[PDB]
$ cat run-v2.cif   # mmCIF, C-alpha atoms
data_work
loop_
_atom_site.label_atom_id
_atom_site.label_comp_id
_atom_site.auth_asym_id
_atom_site.auth_seq_id
_atom_site.Cartn_x
_atom_site.Cartn_y
_atom_site.Cartn_z
CA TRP H 175 92.38 57.39 129.54
CA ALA H 176 91.53 61.06 128.88
CA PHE H 177 92.64 61.76 132.45
CA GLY H 178 95.93 59.94 132.03
CA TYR H 179 99.38 61.42 131.50
CA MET H 180 99.59 63.15 128.11
CA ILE H 181 102.80 64.22 126.40
CA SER H 182 102.76 66.94 123.80
CA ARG H 183 104.89 69.48 122.02
CA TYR H 184 104.75 72.00 119.23
CA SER H 185 105.65 69.75 117.65
CA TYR H 186 106.77 66.10 117.71
CA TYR H 187 107.97 64.85 114.32
CA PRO H 188 108.70 63.11 112.05
CA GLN H 189 106.54 60.05 112.83
CA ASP H 190 109.48 57.81 113.74
CA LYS H 191 110.59 60.30 116.42
CA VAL H 192 107.11 60.20 117.91
CA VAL H 193 107.33 56.44 118.42
CA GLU H 194 110.95 56.64 119.59
CA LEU H 195 109.98 59.10 122.31
CA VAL H 196 107.03 57.00 123.44
CA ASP H 197 109.32 53.97 123.70
CA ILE H 198 111.88 55.77 125.86
CA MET H 199 109.10 57.11 128.08
CA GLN H 200 107.57 53.67 128.56
CA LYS H 201 110.93 51.95 128.92
CA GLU H 202 111.84 54.33 131.74
CA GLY H 203 108.60 53.77 133.63
CA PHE H 204 106.27 56.54 132.50
CA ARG H 205 102.72 55.47 131.77
CA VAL H 206 101.76 57.59 128.76
CA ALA H 207 98.03 57.64 127.98
CA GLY H 208 98.35 59.65 124.78
CA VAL H 209 100.48 61.86 122.59
CA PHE H 210 99.38 65.10 120.96
CA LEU H 211 100.42 66.00 117.42
CA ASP H 212 100.70 69.76 116.77
CA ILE H 213 100.49 71.61 113.43
CA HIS H 214 103.81 70.30 112.06
CA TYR H 215 102.12 67.03 111.10
CA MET H 216 100.00 68.73 108.46
CA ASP H 217 100.99 69.46 104.89
CA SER H 218 101.49 73.24 104.79
CA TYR H 219 99.21 73.56 107.82
CA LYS H 220 96.28 72.27 105.74
CA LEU H 221 93.60 70.67 107.90
CA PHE H 222 93.03 66.94 107.47
CA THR H 223 96.31 66.25 105.69
CA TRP H 224 99.57 64.53 106.57
CA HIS H 225 102.94 66.09 105.84
CA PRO H 226 104.27 64.01 102.89
CA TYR H 227 107.79 63.82 104.32
CA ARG H 228 107.36 63.89 108.10
CA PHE H 229 104.32 61.62 108.08
CA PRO H 230 104.51 59.46 104.90
CA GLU H 231 102.93 56.50 106.70
CA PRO H 232 100.23 57.81 109.00
CA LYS H 233 98.60 54.35 109.18
CA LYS H 234 101.86 52.84 110.46
CA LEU H 235 102.32 55.55 113.11
CA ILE H 236 98.79 54.94 114.36
CA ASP H 237 99.21 51.18 114.66
CA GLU H 238 102.58 51.54 116.35
CA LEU H 239 101.15 53.81 119.03
CA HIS H 240 98.11 51.60 119.53
CA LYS H 241 100.31 48.51 119.85
CA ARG H 242 101.85 50.42 122.76
CA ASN H 243 98.41 51.31 124.15
CA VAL H 244 98.98 55.01 123.54
CA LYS H 245 96.19 57.21 122.15
CA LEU H 246 96.72 59.71 119.35
CA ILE H 247 95.25 63.21 119.59
CA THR H 248 95.64 65.50 116.57
CA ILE H 249 95.30 69.27 116.62
CA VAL H 250 92.70 70.72 114.26
CA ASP H 251 92.46 74.45 113.69
CA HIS H 252 89.49 76.33 112.23
CA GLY H 253 91.12 77.83 109.16
CA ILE H 254 90.39 76.44 105.71
CA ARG H 255 93.19 77.31 103.28
CA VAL H 256 92.00 79.27 100.21
CA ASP H 257 93.50 76.71 97.85
CA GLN H 258 92.17 75.76 94.40
CA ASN H 259 93.09 72.12 94.85
CA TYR H 260 92.41 71.73 98.55
CA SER H 261 89.41 69.43 98.97
CA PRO H 262 87.95 70.93 102.19
CA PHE H 263 87.93 74.37 100.56
CA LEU H 264 85.99 73.06 97.57
CA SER H 265 83.51 70.91 99.56
CA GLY H 266 83.00 73.60 102.19
CA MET H 267 82.14 76.25 99.61
CA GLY H 268 78.80 77.80 100.52
CA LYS H 269 79.25 77.15 104.23
CA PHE H 270 81.96 79.71 105.03
CA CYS H 271 81.67 82.99 106.97
CA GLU H 272 80.98 86.13 104.95
CA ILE H 273 81.28 89.88 105.53
CA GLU H 274 78.38 92.36 105.50
CA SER H 275 78.88 93.23 101.83
CA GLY H 276 78.39 89.62 100.72
CA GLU H 277 81.86 88.32 99.88
CA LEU H 278 83.52 85.54 101.83
CA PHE H 279 85.48 86.66 104.86
CA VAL H 280 89.05 85.99 103.76
CA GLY H 281 91.64 86.22 106.51
CA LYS H 282 95.02 84.91 107.58
CA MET H 283 95.92 81.90 109.72
CA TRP H 284 98.52 79.11 109.80
CA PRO H 285 97.70 77.88 106.24
CA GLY H 286 98.15 81.45 104.95
CA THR H 287 95.17 82.99 103.14
CA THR H 288 92.15 81.33 104.76
CA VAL H 289 88.36 81.31 105.08
CA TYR H 290 86.40 80.06 108.06
CA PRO H 291 83.42 77.73 108.38
CA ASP H 292 80.29 79.41 109.72
CA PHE H 293 79.68 76.95 112.56
CA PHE H 294 76.48 78.74 113.56
CA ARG H 295 74.87 77.00 110.57
CA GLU H 296 73.48 73.49 110.84
CA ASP H 297 74.67 72.46 107.38
CA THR H 298 78.20 73.74 108.13
CA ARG H 299 78.17 71.61 111.24
CA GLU H 300 77.16 68.47 109.33
CA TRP H 301 79.89 69.14 106.78
CA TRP H 302 82.47 69.52 109.54
CA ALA H 303 81.21 66.43 111.37
CA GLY H 304 81.81 64.50 108.16
CA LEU H 305 85.42 65.63 107.81
CA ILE H 306 86.04 64.94 111.50
CA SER H 307 84.46 61.49 111.26
CA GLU H 308 86.53 60.70 108.18
CA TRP H 309 89.63 61.92 110.03
CA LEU H 310 88.74 59.77 113.05
CA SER H 311 88.27 56.66 110.92
CA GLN H 312 92.05 56.36 110.40
CA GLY H 313 92.33 55.53 114.08
CA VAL H 314 92.88 59.03 115.47
CA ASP H 315 91.63 58.96 119.07
CA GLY H 316 91.06 62.60 119.95
CA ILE H 317 90.60 66.06 118.52
CA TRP H 318 92.45 69.11 119.81
CA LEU H 319 90.60 72.26 118.74
CA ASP H 320 92.89 75.30 118.78
CA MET H 321 92.74 78.99 117.73
CA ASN H 322 88.94 78.76 117.90
CA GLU H 323 88.26 82.04 119.72
CA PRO H 324 87.98 82.46 116.72
CA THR H 325 91.35 83.99 115.95
CA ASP H 326 92.48 85.68 112.72
CA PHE H 327 95.79 87.33 111.87
CA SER H 328 94.91 89.44 108.82
CA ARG H 329 94.78 92.73 110.78
CA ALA H 330 98.01 92.07 112.70
CA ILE H 331 99.87 91.13 109.50
CA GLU H 332 98.40 94.14 107.71
CA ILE H 333 99.95 96.47 110.28
CA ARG H 334 103.37 94.80 109.94
CA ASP H 335 103.34 95.07 106.14
CA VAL H 336 102.71 98.82 106.28
CA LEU H 337 104.75 99.87 109.31
CA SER H 338 107.48 97.29 108.72
CA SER H 339 110.20 99.83 107.88
CA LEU H 340 109.65 101.91 111.03
CA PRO H 341 112.08 101.13 113.89
CA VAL H 342 109.34 101.51 116.48
CA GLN H 343 107.52 99.10 118.78
CA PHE H 344 103.92 98.24 118.01
CA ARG H 345 101.54 98.32 120.94
CA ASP H 346 100.50 94.73 121.57
CA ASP H 347 96.73 94.75 121.21
CA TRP P 175 133.53 136.41 74.45
CA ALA P 176 131.98 135.95 77.91
CA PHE P 177 128.92 137.79 76.59
CA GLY P 178 128.66 135.61 73.51
CA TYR P 179 126.24 132.75 72.88
CA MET P 180 126.94 129.83 75.22
CA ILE P 181 125.59 126.32 74.79
CA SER P 182 125.35 124.00 77.75
CA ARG P 183 123.63 120.92 79.09
CA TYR P 184 123.68 118.56 82.02
CA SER P 185 125.55 117.13 80.36
CA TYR P 186 127.29 116.97 76.97
CA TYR P 187 129.43 113.85 76.52
CA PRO P 188 131.45 111.93 75.56
CA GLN P 189 134.12 114.30 74.23
CA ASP P 190 133.49 113.44 70.57
CA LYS P 191 129.80 114.36 70.91
CA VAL P 192 130.82 117.77 72.26
CA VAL P 193 132.82 118.53 69.13
CA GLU P 194 130.17 117.03 66.85
CA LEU P 195 127.52 119.34 68.32
CA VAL P 196 129.75 122.40 68.01
CA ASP P 197 130.38 121.55 64.36
CA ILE P 198 126.68 121.23 63.53
CA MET P 199 125.98 124.50 65.33
CA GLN P 200 128.69 126.36 63.43
CA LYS P 201 127.87 124.70 60.13
CA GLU P 202 124.27 125.87 60.46
CA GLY P 203 125.23 129.47 61.19
CA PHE P 204 125.28 129.73 64.98
CA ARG P 205 128.19 131.64 66.43
CA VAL P 206 129.03 129.71 69.59
CA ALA P 207 131.36 131.53 72.00
CA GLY P 208 131.72 128.67 74.43
CA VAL P 209 130.58 125.26 75.62
CA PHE P 210 129.88 124.35 79.25
CA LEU P 211 130.78 120.90 80.57
CA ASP P 212 128.60 119.70 83.46
CA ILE P 213 129.41 117.06 86.12
CA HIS P 214 129.33 114.07 83.74
CA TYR P 215 132.85 114.94 82.56
CA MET P 216 134.36 114.10 85.93
CA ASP P 217 135.41 110.68 87.16
CA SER P 218 132.77 109.73 89.74
CA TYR P 219 132.02 113.44 90.21
CA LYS P 220 135.51 113.97 91.62
CA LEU P 221 136.69 117.55 91.18
CA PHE P 222 139.64 118.12 88.86
CA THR P 223 139.42 114.76 87.10
CA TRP P 224 138.36 113.56 83.66
CA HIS P 225 136.04 110.60 83.20
CA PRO P 226 138.37 107.84 81.91
CA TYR P 227 135.88 106.65 79.27
CA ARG P 228 133.89 109.74 78.27
CA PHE P 229 136.93 112.03 78.28
CA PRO P 230 139.99 109.83 77.46
CA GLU P 231 141.92 112.62 75.73
CA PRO P 232 140.98 115.98 77.25
CA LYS P 233 143.76 117.90 75.53
CA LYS P 234 142.51 116.65 72.17
CA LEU P 235 139.06 118.06 72.99
CA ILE P 236 140.52 121.37 74.08
CA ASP P 237 142.59 121.76 70.93
CA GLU P 238 139.61 120.82 68.78
CA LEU P 239 137.45 123.49 70.42
CA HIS P 240 140.13 126.15 70.34
CA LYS P 241 140.87 125.66 66.66
CA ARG P 242 137.12 126.14 66.17
CA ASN P 243 137.41 129.36 68.19
CA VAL P 244 135.15 128.04 70.95
CA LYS P 245 135.84 128.46 74.68
CA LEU P 246 135.60 125.65 77.23
CA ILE P 247 133.98 126.29 80.63
CA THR P 248 134.04 123.45 83.17
CA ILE P 249 131.77 123.16 86.18
CA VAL P 250 133.50 122.85 89.54
CA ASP P 251 131.56 122.07 92.68
CA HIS P 252 132.71 122.63 96.26
CA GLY P 253 132.64 119.06 97.53
CA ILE P 254 135.88 117.15 98.08
CA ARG P 255 135.28 113.40 98.00
CA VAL P 256 136.38 111.61 101.19
CA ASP P 257 138.58 109.21 99.23
CA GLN P 258 141.85 107.66 100.45
CA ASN P 259 143.47 107.92 97.04
CA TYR P 260 141.96 111.19 95.85
CA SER P 261 144.73 113.78 95.66
CA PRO P 262 142.67 116.92 96.51
CA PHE P 263 141.41 115.21 99.65
CA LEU P 264 144.95 114.43 100.80
CA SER P 265 146.45 117.82 99.88
CA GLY P 266 143.49 119.72 101.30
CA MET P 267 143.70 117.98 104.67
CA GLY P 268 143.90 120.60 107.39
CA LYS P 269 141.98 123.18 105.38
CA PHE P 270 138.49 121.66 105.51
CA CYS P 271 135.43 122.80 107.47
CA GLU P 272 134.91 121.30 110.92
CA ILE P 273 132.02 121.01 113.37
CA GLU P 274 131.78 122.45 116.90
CA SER P 275 133.20 119.31 118.50
CA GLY P 276 136.41 119.34 116.46
CA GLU P 277 135.94 116.65 113.82
CA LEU P 278 135.77 117.42 110.12
CA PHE P 279 132.30 118.24 108.82
CA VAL P 280 131.52 115.19 106.70
CA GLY P 281 128.49 115.51 104.47
CA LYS P 282 127.00 114.33 101.20
CA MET P 283 127.24 115.78 97.71
CA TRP P 284 127.67 114.55 94.12
CA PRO P 285 130.91 112.60 94.89
CA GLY P 286 129.13 110.83 97.75
CA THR P 287 130.68 111.19 101.21
CA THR P 288 132.36 114.60 101.10
CA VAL P 289 134.15 117.30 103.09
CA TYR P 290 134.27 120.98 102.24
CA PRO P 291 137.12 123.49 102.05
CA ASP P 292 136.86 126.28 104.61
CA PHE P 293 137.14 129.16 102.12
CA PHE P 294 137.06 131.71 104.94
CA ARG P 295 140.72 130.85 105.58
CA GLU P 296 143.56 132.33 103.53
CA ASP P 297 145.50 129.07 103.29
CA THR P 298 142.43 127.23 102.02
CA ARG P 299 141.98 129.93 99.37
CA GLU P 300 145.64 129.66 98.37
CA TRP P 301 145.33 125.88 98.18
CA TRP P 302 142.18 126.19 96.03
CA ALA P 303 143.74 128.80 93.74
CA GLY P 304 146.58 126.35 93.14
CA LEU P 305 144.16 123.65 92.03
CA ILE P 306 142.19 126.07 89.84
CA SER P 307 145.39 127.37 88.26
CA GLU P 308 146.57 123.84 87.49
CA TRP P 309 143.14 122.97 86.09
CA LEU P 310 143.26 126.13 83.94
CA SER P 311 146.72 125.29 82.59
CA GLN P 312 145.26 122.49 80.42
CA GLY P 313 143.56 125.17 78.39
CA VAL P 314 140.23 125.35 80.22
CA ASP P 315 138.87 128.86 79.62
CA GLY P 316 136.34 129.36 82.40
CA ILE P 317 135.14 128.08 85.75
CA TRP P 318 131.50 127.42 86.57
CA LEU P 319 131.03 127.36 90.36
CA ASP P 320 127.88 125.47 91.34
CA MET P 321 126.20 124.23 94.56
CA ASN P 322 128.18 126.87 96.47
CA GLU P 323 125.39 128.20 98.68
CA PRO P 324 126.98 126.08 100.17
CA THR P 325 124.70 123.10 99.71
CA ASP P 326 124.88 119.71 101.44
CA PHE P 327 122.60 116.68 101.12
CA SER P 328 123.44 114.67 104.24
CA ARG P 329 120.33 115.80 106.14
CA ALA P 330 117.92 115.11 103.28
CA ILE P 331 119.39 111.71 102.54
CA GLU P 332 119.16 110.94 106.24
CA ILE P 333 115.41 111.60 106.21
CA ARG P 334 115.00 109.33 103.15
CA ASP P 335 116.97 106.49 104.77
CA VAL P 336 114.79 106.47 107.88
CA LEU P 337 111.38 107.08 106.27
CA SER P 338 112.16 105.27 103.01
CA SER P 339 109.49 102.58 102.66
CA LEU P 340 106.83 104.78 104.27
CA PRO P 341 103.96 105.53 101.78
CA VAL P 342 104.08 109.17 102.81
CA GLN P 343 104.96 112.41 101.05
CA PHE P 344 107.85 114.42 102.53
CA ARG P 345 107.47 118.19 102.88
CA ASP P 346 110.00 119.92 100.66
CA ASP P 347 111.92 122.13 103.09
#
$ encode --input "run-v2.cif" --output "C-alpha cells"
Amino acid sequence: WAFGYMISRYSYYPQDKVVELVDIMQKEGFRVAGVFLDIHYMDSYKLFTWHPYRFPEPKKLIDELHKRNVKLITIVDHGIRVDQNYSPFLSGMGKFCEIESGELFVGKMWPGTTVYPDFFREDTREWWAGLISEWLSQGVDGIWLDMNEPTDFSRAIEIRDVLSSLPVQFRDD
Amino acid sequence: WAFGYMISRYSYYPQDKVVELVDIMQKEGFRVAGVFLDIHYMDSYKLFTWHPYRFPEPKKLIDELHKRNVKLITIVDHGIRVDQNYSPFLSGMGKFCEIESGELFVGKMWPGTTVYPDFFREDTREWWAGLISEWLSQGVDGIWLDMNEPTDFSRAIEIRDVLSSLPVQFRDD
C-alpha cells in the first residue's frame, strides 16, 4: 500500500473534512491508499498532540479511515517545543542537543522556541522510539519526517527582527 | 529699558504664572525690565496667535505687566503653518519661498508642515510688517526673531522616518 495513490495537503482539516474528501475521492472512482496529515493537526505545532478543535476525536477519524481501507500518515517534525507543561520536553530533558559552551541549543521552529533531540545518542533514540511507538499505537499507519536536515529558523528570524524596519530585500541564503 | 534685566524661559505659562513670577521677582528686589514669552504662548505654534487655554485673556496680561512697569517681548518664528484656516497662510499666499521647479517650498518647523515667507521680496516684507504692526498694537513691546538662519527640519525628520527603528546612532550634521 505504500506504493499506492496518496493524497496530501498542507493541510487537510478538521477531521470531518478529511473523511469527507476521502469519500468523494472513493465515490468518484479514485483508489486512495492513504492520506497525509500535515502540521495543522497538531496543537500549536506540538509533536504528538491533536488540535483540540480540529481533531477532538482522533480515535474516530482513525477508525473511519480504516473502515474505508485508507491508511493514515502523520507528519512529525524534529522540534521539541520549550514548554513547561509539554510532556516530550520534560521526558526528553537530558537528551537534547547542546552548544559548545554547555547550554541546550535553543532555536526556532514551527512550535516557536524549540530544542532538538540529539539523535546521534543511543538513549535519545530509544526515547524517540518510545514516543513514536506510543503515537503508532493509536492506529497511525505511517510517519512523515520533515524539516530533518536538520533545519532551524532562529538565525533567519533574528535577521528579520533587527532589519525589519529597512525597506530593502534580504539576500536569500 | 532694552538694556535692563530680562527674564525668560522656554517657556513661562500660563498667563497667570507669568504675572506671579514677575511679582515675586519685584517683591524680592529684582528690577525686571521685561519678560520674554517663548513658543508655548502660541496656539499650536501658529504665529500671531494666543494659546486658547494658557493665554485666554492676552490684553489682561499685557495691562498687568505694564502697570508693573514691565515690558513684554514675544518670540516670532519664520514658519507659516500650511493650514487651510490659518489667516497668515491665506494672506501670505503668493509671497512664500518656492523651489526650482515652481512649487512652494514646503518644509517642517514648530507648527508642523510649513512654508516660509520670501523676505527678499518687497511685497513679502510689506505683508510681514503689517502682521508685526498688528501684533504690536495689542501692546506687545518687543519682537524676538528665532530660527531665522533660516532653519528647516524636513530633511532631518526625513532621515529619522526612514532609519527610525535602526539601533544606530545618527551623525549630527
$ calpha_fit_and_write --input "run-v2.cif" --fixed "chain P" --moving "chain H" --output "compact mmCIF listing (two decimals) with C-alpha atoms, in the coordinates of the input"
# COMPACT_ATOMS: atom_id res chain seq x y z
CA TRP H 175 133.53 136.43 74.44
CA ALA H 176 131.98 135.96 77.91
CA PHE H 177 128.93 137.80 76.58
CA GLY H 178 128.66 135.62 73.51
CA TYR H 179 126.25 132.77 72.86
CA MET H 180 126.96 129.85 75.20
CA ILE H 181 125.60 126.33 74.79
CA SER H 182 125.35 124.02 77.75
CA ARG H 183 123.65 120.94 79.07
CA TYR H 184 123.69 118.58 82.00
CA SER H 185 125.57 117.14 80.34
CA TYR H 186 127.31 116.99 76.95
CA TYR H 187 129.44 113.86 76.50
CA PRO H 188 131.48 111.95 75.56
CA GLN H 189 134.10 114.38 74.21
CA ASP H 190 133.52 113.47 70.56
CA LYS H 191 129.83 114.39 70.88
CA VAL H 192 130.82 117.78 72.25
CA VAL H 193 132.84 118.56 69.13
CA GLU H 194 130.19 117.06 66.84
CA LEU H 195 127.56 119.36 68.30
CA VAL H 196 129.77 122.42 68.00
CA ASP H 197 130.40 121.57 64.34
CA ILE H 198 126.70 121.26 63.51
CA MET H 199 126.00 124.53 65.32
CA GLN H 200 128.72 126.38 63.43
CA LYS H 201 127.90 124.72 60.12
CA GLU H 202 124.30 125.89 60.43
CA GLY H 203 125.24 129.48 61.18
CA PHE H 204 125.29 129.75 64.97
CA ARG H 205 128.21 131.66 66.41
CA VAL H 206 129.05 129.73 69.58
CA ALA H 207 131.37 131.56 71.99
CA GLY H 208 131.74 128.67 74.42
CA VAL H 209 130.48 125.34 75.63
CA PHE H 210 129.88 124.36 79.24
CA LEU H 211 130.79 120.91 80.55
CA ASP H 212 128.60 119.70 83.44
CA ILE H 213 129.42 117.07 86.10
CA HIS H 214 129.35 114.09 83.71
CA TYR H 215 132.86 114.94 82.54
CA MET H 216 134.36 114.10 85.92
CA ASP H 217 135.41 110.69 87.13
CA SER H 218 132.78 109.74 89.73
CA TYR H 219 132.02 113.43 90.21
CA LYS H 220 135.53 113.97 91.60
CA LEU H 221 136.70 117.56 91.17
CA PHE H 222 139.63 118.15 88.83
CA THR H 223 139.42 114.79 87.08
CA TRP H 224 138.35 113.58 83.65
CA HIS H 225 136.04 110.62 83.17
CA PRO H 226 138.38 107.86 81.88
CA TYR H 227 135.89 106.67 79.26
CA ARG H 228 133.91 109.76 78.26
CA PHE H 229 136.94 112.04 78.27
CA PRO H 230 140.04 109.86 77.63
CA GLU H 231 141.73 112.66 75.68
CA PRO H 232 140.95 115.94 77.39
CA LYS H 233 143.91 117.64 75.65
CA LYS H 234 142.49 116.69 72.24
CA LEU H 235 139.00 117.98 73.10
CA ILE H 236 140.48 121.29 74.20
CA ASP H 237 142.52 121.79 71.04
CA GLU H 238 139.60 120.81 68.83
CA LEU H 239 137.34 123.41 70.42
CA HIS H 240 140.03 126.08 70.30
CA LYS H 241 140.71 125.34 66.63
CA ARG H 242 137.04 126.24 66.20
CA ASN H 243 137.43 129.38 68.33
CA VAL H 244 135.11 128.01 71.00
CA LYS H 245 135.91 128.47 74.70
CA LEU H 246 135.63 125.67 77.24
CA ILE H 247 133.99 126.30 80.62
CA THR H 248 134.04 123.45 83.16
CA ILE H 249 131.76 123.17 86.17
CA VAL H 250 133.50 122.88 89.53
CA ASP H 251 131.55 122.07 92.66
CA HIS H 252 132.69 122.63 96.25
CA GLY H 253 132.64 119.07 97.52
CA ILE H 254 135.88 117.17 98.07
CA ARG H 255 135.27 113.41 97.98
CA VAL H 256 136.37 111.60 101.18
CA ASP H 257 138.59 109.24 99.22
CA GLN H 258 141.85 107.66 100.44
CA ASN H 259 143.46 107.93 97.03
CA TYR H 260 141.95 111.19 95.85
CA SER H 261 144.73 113.79 95.66
CA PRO H 262 142.67 116.92 96.51
CA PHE H 263 141.40 115.22 99.66
CA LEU H 264 144.94 114.44 100.80
CA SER H 265 146.46 117.84 99.90
CA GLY H 266 143.49 119.75 101.30
CA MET H 267 143.69 118.00 104.66
CA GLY H 268 143.88 120.62 107.40
CA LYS H 269 141.96 123.19 105.38
CA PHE H 270 138.47 121.66 105.50
CA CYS H 271 135.40 122.82 107.47
CA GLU H 272 134.89 121.30 110.91
CA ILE H 273 131.99 120.99 113.36
CA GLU H 274 131.89 122.49 116.87
CA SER H 275 133.17 119.30 118.50
CA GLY H 276 136.38 119.32 116.44
CA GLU H 277 135.92 116.62 113.80
CA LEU H 278 135.75 117.41 110.11
CA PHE H 279 132.30 118.23 108.80
CA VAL H 280 131.53 115.19 106.67
CA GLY H 281 128.49 115.53 104.44
CA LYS H 282 126.99 114.33 101.18
CA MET H 283 127.25 115.78 97.68
CA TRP H 284 127.67 114.55 94.09
CA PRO H 285 130.91 112.61 94.85
CA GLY H 286 129.12 110.83 97.72
CA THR H 287 130.68 111.19 101.18
CA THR H 288 132.37 114.60 101.08
CA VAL H 289 134.14 117.31 103.09
CA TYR H 290 134.25 120.98 102.23
CA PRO H 291 137.09 123.50 102.04
CA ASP H 292 136.84 126.29 104.61
CA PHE H 293 137.12 129.16 102.13
CA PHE H 294 137.04 131.72 104.93
CA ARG H 295 140.68 130.79 105.56
CA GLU H 296 143.50 132.40 103.61
CA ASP H 297 145.52 129.20 103.35
CA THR H 298 142.47 127.28 102.07
CA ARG H 299 142.08 129.93 99.42
CA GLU H 300 145.70 129.62 98.28
CA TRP H 301 145.33 125.84 98.12
CA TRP H 302 142.19 126.17 96.01
CA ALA H 303 143.78 128.81 93.77
CA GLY H 304 146.55 126.30 93.08
CA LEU H 305 144.17 123.53 92.02
CA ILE H 306 142.20 125.98 89.88
CA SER H 307 145.36 127.33 88.26
CA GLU H 308 146.57 123.80 87.56
CA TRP H 309 143.14 122.99 86.10
CA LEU H 310 143.26 126.14 83.94
CA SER H 311 146.72 125.31 82.60
CA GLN H 312 145.27 122.51 80.43
CA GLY H 313 143.57 125.19 78.38
CA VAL H 314 140.24 125.37 80.23
CA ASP H 315 138.87 128.87 79.64
CA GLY H 316 136.32 129.37 82.40
CA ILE H 317 135.15 128.10 85.75
CA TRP H 318 131.50 127.42 86.55
CA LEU H 319 131.03 127.36 90.33
CA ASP H 320 127.88 125.47 91.31
CA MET H 321 126.18 124.24 94.53
CA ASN H 322 128.18 126.87 96.44
CA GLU H 323 125.38 128.19 98.66
CA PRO H 324 126.96 126.08 100.17
CA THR H 325 124.69 123.09 99.68
CA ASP H 326 124.87 119.70 101.43
CA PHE H 327 122.60 116.68 101.10
CA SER H 328 123.43 114.66 104.22
CA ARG H 329 120.26 115.73 106.10
CA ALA H 330 117.94 115.17 103.12
CA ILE H 331 119.42 111.71 102.47
CA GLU H 332 119.25 110.89 106.17
CA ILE H 333 115.50 111.46 106.17
CA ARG H 334 115.02 109.23 103.11
CA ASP H 335 117.02 106.37 104.63
CA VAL H 336 114.85 106.34 107.76
CA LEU H 337 111.41 107.13 106.36
CA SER H 338 112.01 105.29 103.08
CA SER H 339 109.46 102.53 103.75
CA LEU H 340 106.61 104.93 104.54
CA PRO H 341 104.24 105.60 101.60
CA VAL H 342 103.92 109.26 102.54
CA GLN H 343 105.09 112.51 100.97
CA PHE H 344 107.92 114.40 102.61
CA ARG H 345 107.42 118.12 103.00
CA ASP H 346 109.90 119.79 100.68
CA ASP H 347 112.02 121.96 102.94
$ atom_distance --input "run-v2.cif" --atom1 "atom CA of residue H:306" --atom2 "atom CA of residue H:220"
13.8 Å
$ interface_residues --input "run-v2.cif" --of "chain P" --to "chain H" --cutoff "9 Å" --atoms "all atoms listed in the file" --output "list in words"
residues 336, 337, 338, 339, 340 and 341 of chain P
$ resolve_selection --input "run-v2.cif" --expression "the PyMOL selection byres ((chain H and resi 268-282) around 12)" --output "PyMOL selection string"
chain H and resi 252-257+262-267+283-302+321+324-332
$ resolve_selection --input "run-v2.cif" --expression "the PyMOL selection byres ((chain H and resi 310) around 12)" --output "ChimeraX atom specification"
/H:222,233,236,246-248,250,303-309,311-317
$ write_last_selection --input "run-v2.cif" --atoms "C-alpha atoms" --output "PDB file, in the coordinates of the input"
ATOM      1  CA  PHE H 222      93.030  66.940 107.470  1.00  0.00           C
ATOM      2  CA  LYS H 233      98.600  54.350 109.180  1.00  0.00           C
ATOM      3  CA  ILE H 236      98.790  54.940 114.360  1.00  0.00           C
ATOM      4  CA  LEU H 246      96.720  59.710 119.350  1.00  0.00           C
ATOM      5  CA  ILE H 247      95.250  63.210 119.590  1.00  0.00           C
ATOM      6  CA  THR H 248      95.640  65.500 116.570  1.00  0.00           C
ATOM      7  CA  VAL H 250      92.700  70.720 114.260  1.00  0.00           C
ATOM      8  CA  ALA H 303      81.210  66.430 111.370  1.00  0.00           C
ATOM      9  CA  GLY H 304      81.810  64.500 108.160  1.00  0.00           C
ATOM     10  CA  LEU H 305      85.420  65.630 107.810  1.00  0.00           C
ATOM     11  CA  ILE H 306      86.040  64.940 111.500  1.00  0.00           C
ATOM     12  CA  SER H 307      84.460  61.490 111.260  1.00  0.00           C
ATOM     13  CA  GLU H 308      86.530  60.700 108.180  1.00  0.00           C
ATOM     14  CA  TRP H 309      89.630  61.920 110.030  1.00  0.00           C
ATOM     15  CA  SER H 311      88.270  56.660 110.920  1.00  0.00           C
ATOM     16  CA  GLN H 312      92.050  56.360 110.400  1.00  0.00           C
ATOM     17  CA  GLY H 313      92.330  55.530 114.080  1.00  0.00           C
ATOM     18  CA  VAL H 314      92.880  59.030 115.470  1.00  0.00           C
ATOM     19  CA  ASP H 315      91.630  58.960 119.070  1.00  0.00           C
ATOM     20  CA  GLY H 316      91.060  62.600 119.950  1.00  0.00           C
ATOM     21  CA  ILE H 317      90.600  66.060 118.520  1.00  0.00           C
TER      22      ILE H 317
END
$ resolve_selection --input "run-v2.cif" --expression "the PyMOL selection byres ((chain P and resi 320) around 7)" --output "ChimeraX atom specification"
/P:249-251,318-319,321-322
$ write_last_selection --input "run-v2.cif" --atoms "C-alpha atoms" --output "CSV table (one decimal), in the coordinates of the input"
chain,number,residue,atom,x,y,z
P,249,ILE,CA,131.8,123.2,86.2
P,250,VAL,CA,133.5,122.8,89.5
P,251,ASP,CA,131.6,122.1,92.7
P,318,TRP,CA,131.5,127.4,86.6
P,319,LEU,CA,131.0,127.4,90.4
P,321,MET,CA,126.2,124.2,94.6
P,322,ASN,CA,128.2,126.9,96.5
$ atom_distance --input "run-v2.cif" --atom1 "atom CA of residue P:225" --atom2 "atom CA of residue P:190"
13.2 Å
$ closest_residue --input "run-v2.cif" --among "P:186, P:204, P:229, P:344" --to "residue P:217" --atoms "all atoms listed in the file"
P:229
$ residues_near_point --input "run-v2.cif" --point "(107.4, 61.1, 114.1)" --cutoff "10 Å" --atoms "all atoms listed in the file" --output "ChimeraX atom specification"
/H:185-195,211,215,228-232,235
$ atom_distance --input "run-v2.cif" --atom1 "atom CA of residue H:198" --atom2 "atom CA of residue H:219"
28.3 Å
